[PDB]
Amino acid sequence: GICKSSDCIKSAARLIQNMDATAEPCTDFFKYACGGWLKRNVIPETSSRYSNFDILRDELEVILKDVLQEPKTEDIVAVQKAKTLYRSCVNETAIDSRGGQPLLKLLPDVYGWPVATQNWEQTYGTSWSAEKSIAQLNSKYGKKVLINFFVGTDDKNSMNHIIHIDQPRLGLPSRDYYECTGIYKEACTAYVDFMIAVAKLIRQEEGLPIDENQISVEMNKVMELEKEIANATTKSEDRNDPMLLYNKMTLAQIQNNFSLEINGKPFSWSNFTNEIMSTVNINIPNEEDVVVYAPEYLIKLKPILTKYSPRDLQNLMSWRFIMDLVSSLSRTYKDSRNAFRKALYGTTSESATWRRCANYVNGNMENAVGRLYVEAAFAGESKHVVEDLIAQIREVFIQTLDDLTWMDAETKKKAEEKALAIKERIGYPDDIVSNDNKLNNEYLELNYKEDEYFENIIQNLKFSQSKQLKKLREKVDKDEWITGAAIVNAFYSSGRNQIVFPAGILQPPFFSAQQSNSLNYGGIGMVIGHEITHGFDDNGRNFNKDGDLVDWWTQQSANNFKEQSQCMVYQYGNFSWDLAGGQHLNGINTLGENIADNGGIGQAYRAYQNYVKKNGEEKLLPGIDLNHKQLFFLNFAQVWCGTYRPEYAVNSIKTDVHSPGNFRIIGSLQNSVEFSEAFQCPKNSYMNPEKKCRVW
C-alpha cells in the first residue's frame, strides 16, 4: 500500500533531506521541517537571503542562460534583440575599457553634477530650473526625485489612467535608515563614502583637480538634505489604507495648496508636469485631474527646499541618478558600491554576471524571455489541472464565508460576488508563442548594440517611461499580463481583481503531476489561497469586484475585520528575530501578507480534505513515517527552509512586506487547528497556543 515508483522516491528523498526527525514538530515546526536544510546549506557570498524559494529563482536563471547564451540563428528579431542585449551585458572586457565615459557623456543632459564640474553656474546654472531638472530625470531615465510623478490606474476608475503624485523613494532602503544611529551606523557611513568614492573617481577621469576638502563638505550637504526629506516623508504604516491616500484634485488646486519655492522663485506645477508629458506629446491643462497620495509630504517639503541653493538641489538629484548607474560602468566604478552594497545586503561580491544579465533581460523583455522559457521548461498539460485547482479553492473560500462569525449576511453576499468575479491568469499569454509578428513589433523601436551596453540600458530607461506615460489618455488594457512567465512568484491585482500564477511557480515543490496531491495542495494550493485572500486583506478588501476603490463593507463587518486582523498585528509583532539582533517584525506592514498566509493555509487544507473524500486516500511515501495529512504541512513548510544575512535581516523588516520564512511557518501554523490535529500537539505548546488568530 506504499508507493514505490520513481517519482515517489525522488519526492520522499527531498522531504527527508530537508527535515530533521529528531526535533519535535510541536516545539518548532520550522526547525523540524528544515533541520536538515540548515545544516547542509550555507549562505552564498552573493546572496543576502538563501532559501528553497530563492534556489528556485536560481534554477530558473539557469534555464534563462541556456536559451540566451546560445545563438540559435533561426530566431525572430525579438529573440535576437533579447540575446544581443544579453551579450552586451556579459562582455565585461568591452565595458571595462570605457571607464565612466558613457555616464559622463550624458551628464550634461541631466544638468550635470555640480561636484564634478569645473564651472557649473555659467554652463548650466543660467538655464537651470527645478521643474525641468526633475522632469528630465523622470521622463527620460525614470529616476523619481523630490516629487514622484507617474501615470497609473485610477483607484476609483479601474478603466482609466490618471496622474499620481506621491512621495519618492530614498537612496537608502527606507526612511528609518536616515536615523544613522545604532543599527544604521555603518549604512550612513558607507552611503556618504559611496558619494565621496564616486566623486573622487569621476573627477579623476575628466582630468580635473582633486579638491578633497570640498568633497567631504559638499557631499554632507547631500546627506543632510536627504535626511530632511526622509524625515518629511510619511511612515509606511500610515499608508496602508487606500481610502485615506486617495486625494483627487486639479493641477491648479495642486498649485494652490502645495506650492514650493526654488531659488527664491515659486515652483510651477504646470511647467513641471508638462515638461514630463511633452515627451509623449500630451498637454496637461490646469483642470487635469491628479490623484495626490502624500499631501503631508508636499506640505513639509516647502520649508525644507527653500533653505538650499540650486547647486545643493542638483547634487542630490544627480547623485540618485548616478548611484544606480555606477554598477554598469568599468570595474573601477563597480567596486565603489561594494561597501555600500555590503552595508545593505551583507554580500561580499556581486552575483554572477550571467545571472544579473538573465534577470535584466527578463525584466525589460518579459514577453520574449517568457517565450523561450515556456518552450524549454513548462509543460502544456499543467493548464487544466491548475484551472481546476483554482476553482476548487475558489469554491472553498465561498463555502468558508458562512463559517466566519465576524461578518454579517449582507457583507458576505457581495464578498462572495467579488470572489466569483476573480479572473485567473495561468502559465503565459498565448500570443508570445503563436504570433511572432506581434512580438517583433513590441520591441521594434529597440536597437541594441553588442559593445554598447550602457547605451542599451539608457534606451531601456527611455523606452520604459515612454511606454508608461503614453497610457494617460488610453484605457487600461484588459488582456495585459502584470508579469512575465519566467517568474517564481504569484500575484494579485487589486485594480484588476485577478490572480496570476506564472509558469515559474508551477513546478516542484509547488505543483507537479508526478508528486502527491498532499504536496500539490500543500504547495500550489496554499499559493492559490494566498493570492485569493490577498483580495480581502487590509488593502484589497477596499476594492470591489470591478477593481474600483469602493466600500462594500458594513460598519460592523469592517470593524470586526480590524479586530480579527489586530490579533495578527500583535502576534507577528511579538516575534523576535535572532538574525536581526532580537528586533521584532512589523505587524502592520506584514499584515496583508500574514492574512493571506493564515487564510491560504486553511483553504488549501480544506480543498485537500474535499479531494480526499471525493477521490480516495493516497499511498504513503516510502522512507518517511508521516501520513498525507502531515505531509500537507510538511511541503508547505519546506518551501521556506532558509536563512538571512544579518545586514538583509534589518533590510527586510523595513522594506519587505512579507514576513521571513521562519515566522511564515510559525505564525500560520500557530493559528491552525488542523495543524495541531494532524501532529497531535499538546495544549499551550509553542506551535499550539490556546489564543489563535482567525480572519479567513
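The numbering used is simple: start at 1 and walk along the sequence shown.
- Mean CA temperature factor is higher for 409 to 417 when stretches 595 to 603 and 409 to 417 are set side by side in the entry.
- In this entry, 436 to 444 shows the higher mean Cα temperature factor of the pair 436 to 444 and 282 to 290.
- Note on 360, 272, 454, 492: the highest value goes to 454, judged by CA B factor as recorded.
- Taking the PDB entry at face value, the top CA B factor among 229, 188, 476, 147 belongs to 188.
- For residue 483, the recorded CA temperature factor ranks within the lowest third of the chain's modelled residues.
- For residue 374, the recorded CA temperature factor ranks within the middle third of the chain's modelled residues.
- Sorting the modelled residues of the chain by their CA temperature factor places residue 58 in the lowest third.
- Residue-level temperature factors show residue 613 in the highest third of its chain, judged at the C-alpha atom.
- In the PDB entry, residue 657 places in the lowest third of its chain by CA B-factor.
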